[PDB]
Each structure stands twice: as structure tokens, then as C-alpha cells.
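Asks:
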Amino acid sequence: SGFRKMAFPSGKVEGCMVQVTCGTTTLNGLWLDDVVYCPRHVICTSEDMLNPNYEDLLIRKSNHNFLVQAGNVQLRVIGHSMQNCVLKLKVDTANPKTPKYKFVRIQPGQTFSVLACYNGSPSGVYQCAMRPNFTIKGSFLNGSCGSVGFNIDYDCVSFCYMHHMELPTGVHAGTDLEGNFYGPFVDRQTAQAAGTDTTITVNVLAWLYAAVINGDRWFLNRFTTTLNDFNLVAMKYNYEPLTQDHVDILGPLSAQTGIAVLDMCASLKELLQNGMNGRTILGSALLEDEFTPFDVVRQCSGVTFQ
Amino acid sequence: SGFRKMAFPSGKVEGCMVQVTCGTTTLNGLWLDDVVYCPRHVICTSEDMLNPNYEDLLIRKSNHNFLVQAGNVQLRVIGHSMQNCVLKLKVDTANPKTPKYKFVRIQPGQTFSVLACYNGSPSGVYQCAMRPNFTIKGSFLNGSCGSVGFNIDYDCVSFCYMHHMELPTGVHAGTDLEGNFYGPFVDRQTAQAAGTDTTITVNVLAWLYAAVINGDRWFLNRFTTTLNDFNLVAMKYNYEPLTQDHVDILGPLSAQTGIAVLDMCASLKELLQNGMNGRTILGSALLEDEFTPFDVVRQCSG
Ligand SMILES: *[C@H](O)[C@H](CC(C)C)NC(=O)[C@H](CC(C)C)NC(=O)[C@H](CC(C)C)NC(=O)OCc1ccccc1
Ligand SMILES: *[C@H](O)[C@H](CC(C)C)NC(=O)[C@H](CC(C)C)NC(=O)[C@H](CC(C)C)NC(=O)OCc1ccccc1
Ligand SMILES: [Cl-]
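Going down the list, the sequences are from chains B and A.
Sequential numbering of the first sequence, starting at 1, is according to the deposited numbering.
Sequential numbering of the second sequence, starting at 1, is according to the deposited numbering.
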């Protein structure tokens, strides 16, 4: 037993991380087959990060202006193109370590693992959620751009995030691997602010089921609630509305534990209206909303990735 | 910026994980060079286990009683031996993915990453601290034994932990990679309990420095304290004593932030006695103690 904020094993992704240098700027890229994907702002200049004309800046570049390094091995760039906010650099060498992969655009409330990298070198891994305002609360320093977020299925790596910027408040914004930002953000240093960060109600209920599975039961009560009445309380604490689709995906956890979804909702309502009274749930004093129902089942059943 | 509980990349270790089966018991092994390491209780029988005599149980065992699977490939065991609480299975194939590595013994308060595995395959990775009572708060199910904890330094994988058991309250115990338990525990299903848990004071202070570096400073105050007076408060809240060596170890974080160590101790004292008054620190309502001072420097600066 036990329940931790658990990342995917990162080995498959580590083998795809490379370093891309353009002029003075160095960041990370993702090497899949004969293409390296990286944030296009690697071509920016010191005094042109406010209104960069990326089209004009790239066409004036040549293939040799992009220095791509896979560990100590140089990769010759033999083609370069722009796709939205990411750069597709074609290399003559196909990555022997390319995993079975796909590019996916995740929904708010969904979780993924971030492999933080610097100078093409993986530095650490941690679990993140796409917030309802399309930012993530990560850990990124200068040089971390190009680090990716991902999920794993069976043997297939689903890449969903590439890191581009940090907004004031220490929150992070990025794109999918098609180069399109999550949320309304743009890759220039003009004033931008994230929207309302609400709590992911379906994830909190999943984590409450994880608690029960692992022995924490003090918050269970003999009350029930209607979905209508729960949402009226939820809205007042800036929680996402719980929908029928959310009730459905909580089904399996409800069945494994014998606690009906609306009974767990009654417990969550009580916690919201009265707090924890100095007690803790899975070692937390706050209600955790960065585990999905599938994350809970994944960890509590011990599914592995070959 | 930002501050997260961060694990090491697990790829160097994934390449070392194998499956070991004896009878009907299956767990994980660590394949390094031509040797596979695993907990010795792989050789227990369901109806023994309360009080196994491992010497006696090895009387029967032959090499071929140990089935080792590296992914799909089957490894042939050509020799076995017991060292402390681990088995050393000699196989005829050296692991071509063996990293540069060493075995290290960590001390309470130090942190490490765990790659949780089942049937020799990875499930997930997370960061743990060796508690003062020589347990860790992990996430381990049946079949997870043999999963290892590690750090990565430069290009060297420093293995420090191998999982063996769970005590009630969901706390976890294991050995170093030489086979010697952390703490007073034995690999036997007789009643055992960890000492009462205490908080790793030097780590909380390091995390408070991380908070300042990342912009959270509402808890800084105008008071100071002495090392003695702070430890009077620590003791009453079940915090570990803070020593002059701890103060020294926190020096570099104190110099980076401009906040003397005993001034941060005064902040911590006020948090212990008054709470957070509805506020959070680095997104937490509780004082976090699973980041060492080195962990903070690493994450906040390369
Ligand atoms: C890439 O490695 C790096 C990672 C960050 C964690 C720093 N990102 C950038 O350098 C990025 C480059 C631009 C051209 C996309 N810029 C930012 O992320 C930037 C950082 C601040 C601290 C200057 N933030 C930013 O431009 O946000 C928009 C903004 C501007 C002005 C006021 C408020 C918000
Ligand atoms: C290995 O895969 C597995 C991982 C655990 C997370 C289940 N560990 C064991 O099977 C281990 C084997 C013994 C011989 C060392 N046993 C335990 O860890 C056992 C688990 C419980 C569920 C029985 N713990 C144990 O025996 O703790 C001591 C104890 C015994 C009786 C009463 C209180 C405490
Ligand atoms: Cl908390």
C-alpha cells in the first residue's frame, strides 16, 4: 500500500532528448526518427523577444545555424521548417532509440509526466496536471525550454507538452507537439496573465477513493447528496462542476471500494464546508486534485510499461 | 522557477530490472554485470515465512530453482549465494545496459528516487526520504520487492535501497544493496513496528529557503532564536534536534538568501506555534521535510 505522486518511467523519453543551439541561445529538442522538434524562440535575439517576426527570422537562417547535439554526437541539420510555435529540424541520422509514439493534445484536468532537461540532459521527472486555465505548475529554470511532458500506454509514448515560458506567479505555459499553445498564450515577452485556476473536482474524488483504498476512512459519513446539490456547494469553493461523464469515469473506483460516487461527493461536501479539523488525508492537509481516476487505478493495481 | 518533488530520470535503472521467480513467489531483481540481486525471501514457502531459517531453506535450492527473466529473454543461473538478506544469482550473461554504478549506505534524512517495478517491469518513479525511524513512505504492492532506490550523480547511479517489506500503517522497510537492513527490522513475518515518526528539521528549513528563493516570504519575521531555545520547541512538536552541523550544512542557502539560519529557525518556531493562518508555502499547508539542502540547491540552480 501507500500512495505517491508518481511519474512514468522516463527511459524511453531520455533517449529522445537532444540539445539545440542557435547563436547564443541553447535549449532542448525532441529527436524522433529524422526530425528534432524544439521551441521556435531559439532563433530569437536579445533585443527582439517582444515582437519577433519568426517567419522572417527563420527564412534568413540556414541549416548549419542550428547546432544539434545528441549527448556528445553532433547531428547534421539538413532541413528546417516552422510549424506554429515549434521548429522541425530535419537531420540526416534517424534516432535509433525512437520509441513507439504519438502526439496528443490533452484536456484540462489530465495529468502527465515532465522530463525536465537542460542542455539536452535529463535532470528530473515529476507529475503535472493541465490546469483548467491551461497552465501547469511545474519546476523550470532558464534553459528548460524544449523539455516535454508525456504519458505511456503499453509501449507507446504519448507526447502532450513542450515547455516554452513562465508567467508571473511561477506558472508555466507551453504547446502540444503540433506547436499550438495550450491556452491563449503567445511566445513573446508581452504581458500575459493566466485565468481562473479552479480545482479539478473529479480528480479530488479519485484521490479520496485512493485514500480509502490505502486505509484512510475518517472522512466517510452516512450522508448522501444529489449531483445538483453537490455542484451548488462546489461552485462556491471554485471547484469545477461535476458532470455525468465524471460520475461515469469514477465508476470503477466506486465499485472497487463499495462507496457510491454520490456518497463520496457527500464526504467532499463536508470537507469543503468544515475543513479537515487538523487531520490529514494521504499525508496532505489540502485536497489534492492532480490525480486522475486512471492514475489512481494505475498505481493501486500496479500496471507496468514494457 | 517553481518547486516540485522531483525524481531522478529512471532510464539507467530500468535497463537493470529483471524478474525472479522461485516456486510460486515472484519479485524483482537488479541485474548488474553478470550478477542479479534480489531479496532472499524469494525462496520462502507460503506456509513458512513466519520464521524462515534461510540457511535451511537453501539446502534444497539448486540453480535451476531460480527462474530469471530479463523482459522476454530468459537468463540462465550458473550459481547462487546468500549475502546478508539478499541473494546473488550468477548468470551467464553480463547485462549490456549496466550503468556506471556504486552501492551506497544512506543516513536518515537523505533522499532518493524509487523505481517501483512488478514482474521486472517499471510502474513508476517517485522521490522518497529515509525517515528518522529508518522507514520510507513509499507506494509498494505485493510483488514489488526488489524494487530499488537510487541517486544519480554526474554519470554514476548510486544504488542505496532495495524493498523488502511493509509494516502496518503502510510504511516500508528494506536493505542497502549489500543486504543489510535499514533500521532494526528482520525479513520475517513476525510482529515488528517502526519507532514513532519524527520530522526532519534540517530538511524543513531547507524547504523554507526554497520557498524564499521561489518568492514565498510571508513567513519571514523579525524574531531570532538560539539553537537551544529552538530545540525546546522542536522537541515538543516531535521534530528532530537541529545540530550545529545542520546549521553549517544550511550555510550556503542562508548566504544565497540573506536570511541567517537562526532567523529561519525563528520563522519555523512561529509556524509551529501558530500555524499558517490559512496560507500555504510552495502550495503546501504542511511543513515539508523530504527535501535535503542539496536537493534545494540542485533544483533551484542546475
Ligand atoms: C525557455 O527556456 C524559458 C523558460 C522559462 C522558465 C524562463 N522561457 C523563456 O525564456 C521565454 C522566452 C519567450 C521569448 C517565449 N520567456 C519567458 O518565459 C518570460 C520569462 C520572464 C521571467 C521574463 N515570460 C514572459 O515573457 O511572460 C509573458 C509576460 C511578459 C511580461 C509581463 C508578464 C508576462
Ligand atoms: C514483497 O514483494 C512484499 C512487498 C509488500 C509491500 C507486501 N513483502 C513481503 O511479502 C514480505 C515478506 C516477508 C517474508 C519479509 N512481508 C511483508 O512485508 C509483510 C506484509 C504483510 C501484509 C503481512 N509484513 C510483515 O510481515 O511485517 C511484520 C509484521 C508481521 C505481523 C504483524 C505485524 C507486523
Ligand atoms: Cl498539504
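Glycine included, C-beta positions come from ideal geometry on N, C-alpha and C.
1) What residue range is occupied by the uninterrupted alpha helix (DSSP H) comprising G251(A)?
2) Note down, in chain order, all residues in the segment 118–142 of chain A with a beta-carbon under 7 Å from any beta-carbon belonging to chain B.
3) Hey, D187(B) and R40(B): beta-carbon distance below 8 Å or not?
4) Could you check the C-alpha separation between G138(B) and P168(B) for me, to the nearest Å?
5) Can you confirm whether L115(A), when its beta carbon is compared against all beta carbons of chain B, has any partner nearer than 8 Å?
6) Would you check if the distance between the CB atom of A255(B) and the CB atom of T224(B) is smaller than 8 Å?
7) Hey, would you say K88(A) sits closer than 8 Å to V35(A), going by beta carbons?
8) Should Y182(B) go down as buried or exposed, given a rule of 16 or more other Cβ atoms within 10 Å for buried?
9) Going straight from the alpha carbon of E240(A) to that of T201(A), what length do you get?
10) Can you give me the Cβ contacts of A285(B) inside the same chain, cut-off strictly under 8 Å, excluding the 5 residues immediately before and after it?
11) How far does the alpha helix (DSSP H) with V204(B) in it reach, from first residue to last?
12) Which residue or residues does DSSP assign as beta-bridge partners of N53(B)?
13) 8 Å is my cut-off, CB to CB: does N28(B) come that close to chain A?
14) Anything in chain A within Cβ reach of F305(B), meaning under 8 Å, just list it in chain order.
15) Could you confirm whether any beta carbon from chain A is found closer than 8 Å to the beta carbon of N214(B)?
16) For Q299(B), name the three-state secondary structure that DSSP assigns.
17) Taking buried to mean at least 16 other C-beta atoms within 10 Å of its own C-beta, is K102(B) buried or exposed?
18) Let me make sure I understand the geometry here. Which of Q189(B), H163(B) and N231(B) has the alpha-carbon closest to that of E47(B)?
19) Determine, for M6(A), whether the minimum Cβ-Cβ distance to residues of chain B falls below 8 Å.
20) Taking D295(B) as the reference, which of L271(B), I249(B) and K236(B) has the closest Cα?
21) Could you check where the alpha helix (DSSP H) with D263(B) kicks off and where it finishes?
22) For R60(A), count the other beta carbons within 10 Å of its own beta carbon; 16 or more makes it buried, fewer makes it exposed. Which is it?
23) With respect to 7 Å, is the separation between the Cβ of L286(A) and the closest non-hydrogen atom of ligand 3 below this value?
24) Which first and last residues belong to the beta strand (DSSP E) in which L115(B) is found?
25) Can you have a look at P184(A) and say buried or exposed, based on whether 16 or more other CB atoms are within 10 angstroms of its CB?
26) Taking CB distances under 8 Å as the criterion, tell me whether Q189(B) reaches chain A.
27) Tell me the start and end of each unbroken alpha helix (DSSP H) in the segment 37–95 of chain B that is at least 4 residues and wholly inside, in chain order.
28) Return the CA-CA distance between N51(B) and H80(B), expressed in angstroms with no decimal places.
29) Less than 7 Å separating the Cβ of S46(A) from some heavy atom of ligand 2?
30) Using beta-carbon positions only, say whether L227(B) and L242(B) come within less than 8 Å of one another.
31) What residues from the segment 160–185 of chain B come within 9 Å of chain A, judged by C-beta to C-beta, listed N to C?
32) Would you call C44(B) buried or exposed, if buried means 16 or more other Cβ atoms sit within 10 Å of its Cβ?
33) Look up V171(B) in the DSSP assignment and give the residues it is bridged to.
34) If you measure from the beta carbon of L253(B) to each beta carbon in chain A, is any gap under 8 Å?
35) Name the chain B residues whose beta carbon is nearer than 7 Å to that of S1(A)?
36) Going along the chain, which residues of the segment 279–294 of chain A sit with their C-beta nearer than 8 Å to a C-beta in chain B?
Replies: In this structure, then:
1) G251 to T257
2) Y118, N119, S121, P122, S123, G124, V125, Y126, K137, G138, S139, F140 and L141
3) yes
4) 13 Å
5) yes
6) no
7) yes
8) buried
9) 6 Å
10) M276
11) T201 to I213
12) Answer is none; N53(B) lacks a bridge partner.
13) no
14) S121, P122 and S123
15) yes
16) helix
17) exposed
18) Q189(B)
19) yes
20) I249(B)
21) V261 to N274
22) exposed
23) yes
24) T111 to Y118
25) exposed
26) no
27) 54–59
28) 22 Å
29) no
30) yes
31) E166, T169, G170, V171 and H172
32) buried
33) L167(B)
34) no
35) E166 and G170
36) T280, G283, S284, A285 and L286
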